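> First, the structure itself, so that you have it in front of you.
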Amino acid sequence: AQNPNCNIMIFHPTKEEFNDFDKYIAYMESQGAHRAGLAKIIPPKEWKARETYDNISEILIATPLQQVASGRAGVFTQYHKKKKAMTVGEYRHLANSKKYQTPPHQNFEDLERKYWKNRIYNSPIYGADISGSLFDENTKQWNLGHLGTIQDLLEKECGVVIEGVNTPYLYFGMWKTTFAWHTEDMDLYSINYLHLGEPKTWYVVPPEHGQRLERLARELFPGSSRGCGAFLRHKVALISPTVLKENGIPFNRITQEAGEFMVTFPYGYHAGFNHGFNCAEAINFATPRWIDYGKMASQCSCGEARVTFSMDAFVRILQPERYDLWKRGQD
Ligand SMILES: O=C(O)CNC(=O)C(=O)O
Ligand SMILES: [Mg+2]
Ligand code: NI
Ligand SMILES: [Zn+2]
């Protein structure tokens, strides 16, 4: 069995191997990449996402989210407080202000330590989940706005045509902005390109061990667990590496830099934080191997998780028994 210790693998495709996205994902899997839950892909040196980032300041962040924490330094939840709209250029200035800028530090490790020690005492503002793309239309390779859609994959595998579309989202981050422990909707893959700015640190639990993380989370967030049998779908809970190690949960960590892709694999729980002002783009995708994960994915039916239009058909076709209860939570 390839990659049996479930380590995060890093790939360096040539320009020729960068042509066929599906083929390269399948290649990574042949080498065991999926066992980690997360892989890094460094594009060939010839490749570029676009010519420059000099003209992005007028993009609008209609609903910036202030991430307010509750709990203890290693075990906390976050809620999102909506703020007034601002442009990317306004957000970048805010991120660089004395209140929100990255502190002096020695290296990524020192910064990680400062994050875990101090995150809860601050409320950073995240420009997350903005529909759009920064890939130039002429970029032909690994262009997240031109991937095959999940609806087309389900149709190809299962023969059923369904409604829905699949488009990318932009994330504008600052120091301490945080993504809570989660897997993707319907335990899909995700792909994330860091377009510009400061790094993003990731933590991941191998898919084969995801239920260990779920059991710990039920213990650590006991009111939340009573409220919902899949509350990590709410994307609000954080658990530090120190706490995971204390409880024997297998995981790995890696830092993504500007110009790099990350791929998360079906049912690979992940969480992380941004080092300073940055812009990432991400989208969900599927392969034939995903179908069995989609069929088995947990669902939030308490009402909190509230998701996209396109999830309806996935539930309806892959999980018909769950459909009626799930839809009541959507309505
Ligand atoms: O970048 C972020 O804030 C969160 N991204 C992801 O969870 C992903 O790309 O799957
Ligand atoms: Mg602009
Ligand atoms: Ni994700
Ligand atoms: Zn729920």
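Here chain A follows Swiss-Prot for its numbers: 11-341, in order, are the residues you see.
Recorded method for this deposit: X-ray crystallography, 1.5 Å.
Just so you know, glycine gets a Cβ as well, placed from its N, Cα and C.
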> Where Swiss-Prot shows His192, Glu194 binding Fe cation, which of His115, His156, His280 is named for the same site?
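Among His115, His156, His280, only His280 appears alongside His192, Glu194 as Fe cation-binding in Swiss-Prot.
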> Where Swiss-Prot marks polyADP-ribosyl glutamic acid, which residue is it, choosing among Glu26, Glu147, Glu224?
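When Swiss-Prot is consulted, polyADP-ribosyl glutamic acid appears for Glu26.
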> Out of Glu27, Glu119, which residue gets the polyADP-ribosyl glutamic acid annotation in Swiss-Prot?
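Per Swiss-Prot, polyADP-ribosyl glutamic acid applies to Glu27.
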> Using C-alpha atoms, which one of the binding-site residues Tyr136, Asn202, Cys238, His280 comes nearest to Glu27 (polyADP-ribosyl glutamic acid)?
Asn202
> Taking only same-chain residues 6+ apart in sequence, whose CB is under 8 Å from that of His192 (Fe cation binding site), what do you get?
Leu242, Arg243, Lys245, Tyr279, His280, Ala281
> Counting Cβ neighbours within 10 Å across all chains shown, tell me which of the recorded positions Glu26, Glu27, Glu194 comes out on top.
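The most densely surrounded of these recorded positions is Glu194.
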> Counting every protein chain present, what is the number of Cβ atoms, excluding its own, within 10 Å of the Cβ of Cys310 (Zn(2+) binding site)?
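Excluding its own Cβ, the number within 10 Å is 21.
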